[PDB]
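Trainee: Can you keep this structure in mind? I'll have questions shortly.
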Amino acid sequence: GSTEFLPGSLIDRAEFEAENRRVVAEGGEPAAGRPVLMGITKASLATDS
């Protein structure tokens, strides 16, 4: 919608819910998201550092 996200990426639950609460509070749009399961190499190679 209007949440500045690319449909198909992998984002953390905390950031996802924070953005979903921020957007609805001003303009109003809930983004969609389903839980996913990853490996131990794709979770380690996709960190924030």
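In the structure tokens, chains take letters A, B, ... by order of appearance, with residues numbered from 1 within each chain and ligands from 1 in the order shown.
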DSSP on the backbone: what in chain A comes out alpha helix (DSSP H), as a ChimeraX atom specification?
Mentor: /A:13-26
Trainee: List the spatial neighbours of residue A:11 as a list in words - criterion: any atom at most 10 Å away, only C-alpha atoms, same-chain residues fewer than 4 positions off excluded.
Mentor: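 The neighbour list is residues 5, 15, 16, 33 and 46 of chain A.
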Trainee: One decimal, in Å: what's the spacing between atom CA of residue A:7 and atom CA of residue A:39?
Mentor: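 Result for atom CA of residue A:7 versus atom CA of residue A:39: 20.6 Å, one decimal.
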Trainee: What is the atom CA of residue A:42-atom CA of residue A:20 distance in Å, reported with one decimal?
Mentor: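 Interatomic distance, atom CA of residue A:42 to atom CA of residue A:20: 25.1 Å.
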Trainee: Name all residues at most 12 Å from residue A:36 (count only C-alpha atoms; drop same-chain ones fewer than 4 positions away) and give them as a list in words.
Mentor: residues 8, 9, 10, 11, 12, 13 and 43 of chain A
Trainee: Convert the current residue selection to file output with N, CA, C and O atoms, as a tab-separated table (two decimals), in the first residue's frame.
Mentor:
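Just written: again_38.tsv:
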```
chain	number	residue	atom	x	y	z
A	8	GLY	N	7.41	-8.78	-0.92
A	8	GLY	CA	8.16	-10.00	-1.14
A	8	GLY	C	9.41	-10.06	-0.29
A	8	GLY	O	10.12	-11.07	-0.29
A	9	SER	N	9.69	-8.99	0.45
A	9	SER	CA	10.88	-8.91	1.27
A	9	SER	C	10.63	-9.55	2.64
A	9	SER	O	9.54	-10.05	2.94
A	10	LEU	N	11.67	-9.55	3.47
A	10	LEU	CA	11.63	-10.14	4.81
A	10	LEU	C	12.01	-9.07	5.83
A	10	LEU	O	13.15	-8.61	5.84
A	11	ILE	N	11.05	-8.68	6.67
A	11	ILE	CA	11.27	-7.64	7.67
A	11	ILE	C	10.88	-8.18	9.04
A	11	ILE	O	10.08	-9.10	9.16
A	12	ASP	N	11.46	-7.57	10.07
A	12	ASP	CA	11.21	-8.01	11.43
A	12	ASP	C	9.78	-7.69	11.86
A	12	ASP	O	9.15	-6.77	11.35
A	13	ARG	N	9.27	-8.49	12.80
A	13	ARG	CA	7.91	-8.30	13.27
A	13	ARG	C	7.75	-6.99	14.02
A	13	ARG	O	6.73	-6.31	13.89
A	43	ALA	N	19.27	-16.52	7.93
A	43	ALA	CA	19.00	-15.63	9.04
A	43	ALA	C	20.27	-14.94	9.52
A	43	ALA	O	20.22	-13.80	9.99
```
Trainee: Between atom CA of residue A:35 and atom CA of residue A:17, what is the spacing in Å?
Mentor: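 Between these atoms lies a distance of 12.8 Å.
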